[PDB]
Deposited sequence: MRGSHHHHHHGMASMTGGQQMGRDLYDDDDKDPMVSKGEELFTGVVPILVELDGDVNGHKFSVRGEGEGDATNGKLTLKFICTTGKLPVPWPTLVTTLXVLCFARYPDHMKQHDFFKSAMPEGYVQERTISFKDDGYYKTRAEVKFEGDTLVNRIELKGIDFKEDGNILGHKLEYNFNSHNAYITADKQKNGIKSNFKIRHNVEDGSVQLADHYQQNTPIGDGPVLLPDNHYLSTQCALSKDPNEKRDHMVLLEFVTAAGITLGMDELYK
């Protein structure tokens, strides 16, 4: 697979989400670019339907792991780029402790020169004045490591990880993520050995933007695979 050759430069990104949480419907559109050589994402997201009925941090994980920086000695473990340009399906259940859950299905694939992430999200069983529908979470996103494992019986990968959202009173809201990715095309994909992605996020606002929005700078770097001494020649 020569999919990783599509990420050697800076690649434009389009994100489209349609969401429905407890019947509160919304849409999000994001645009920016990704620089996989540095593991860098820079995106700005707009809620095109007005007010976002959930906190922006709860959508960060849903809103393009093909831009992770895989170190040279781990390039053979990069499922996400190997599926390109045809892409992969990314499905999650995100269970908020003591509250509701999101179900998401996304297609991540190239459309022309642009990497597109197109998502359908459904949220169920939320408390209308819980931390999510009640907008009680701080506008930030802690650094976090997500373990990747191969899912050979589906020709893809899976991952489980806990996101810990800061609550405005000082408590923590757990978002338990269960994730599965499977290729869209029939070409060859890389099934990785066990490793993890290390992610840092900086969330900001655009001063000249009146719509409900999120400016996002994110770094994703792969790690956790023993870089031995044979790989030195």
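Peer 1: Note down, first to last, the deposited-sequence stretches for which the model contains no C-alpha atom.
Peer 2: Unmodelled stretches, in sequence order: 1 to 35, 99, 270.
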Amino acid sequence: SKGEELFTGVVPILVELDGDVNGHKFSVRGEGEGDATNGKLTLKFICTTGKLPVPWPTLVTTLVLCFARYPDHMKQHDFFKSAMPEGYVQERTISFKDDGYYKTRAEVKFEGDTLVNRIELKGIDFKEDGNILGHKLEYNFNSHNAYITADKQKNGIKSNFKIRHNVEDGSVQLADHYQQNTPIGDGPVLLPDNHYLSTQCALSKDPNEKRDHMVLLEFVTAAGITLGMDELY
From here on, numbers count along this sequence of modelled residues.
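Peer 1: Which of the two stretches, 171 to 179 or 196 to 204, shows the higher mean Cα temperature factor in the record?
Peer 2: Here the higher of the two C-alpha B-factor means belongs to 171 to 179.
Peer 1: Which of the two stretches, 161 to 169 or 34 to 42, shows the higher mean Cα temperature factor in the record?
Peer 2: Between 34 to 42 and 161 to 169, it is 161 to 169 that shows the higher mean C-alpha B-factor.
Peer 1: Quiz for you: based on the deposited Cα B-factor, which of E91, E138, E86, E120 is highest?
Peer 2: Of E91, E138, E86, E120, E86 has the highest C-alpha B-factor.
Peer 1: Looking at the C-alpha B-factor of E209, is it in the lowest, middle or highest third of its chain?
Peer 2: Highest third of the chain for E209's C-alpha B-factor.
Peer 1: Sorting the chain's modelled residues by C-alpha B-factor, tell me whether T104 ends up in the lowest, middle or highest third.
Peer 2: As the PDB entry reports it, the C-alpha B-factor of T104 lands in the lowest third of its chain.
Peer 1: Going by the entry, which third of its chain does the Cα temperature factor of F79 land in?
Peer 2: It belongs to the highest third of the chain when residues are ordered by C-alpha B-factor.
Peer 1: Split the chain's modelled residues into thirds by Cα B-factor; is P57 in the lowest, middle or highest one?
Peer 2: As the PDB entry reports it, the C-alpha B-factor of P57 lands in the lowest third of its chain.
Peer 1: Which third, lowest, middle or highest, does the CA B-factor of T149 fall in along this chain?
Peer 2: Middle third - that is where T149 ends up once the chain's C-alpha B-factors are sorted.
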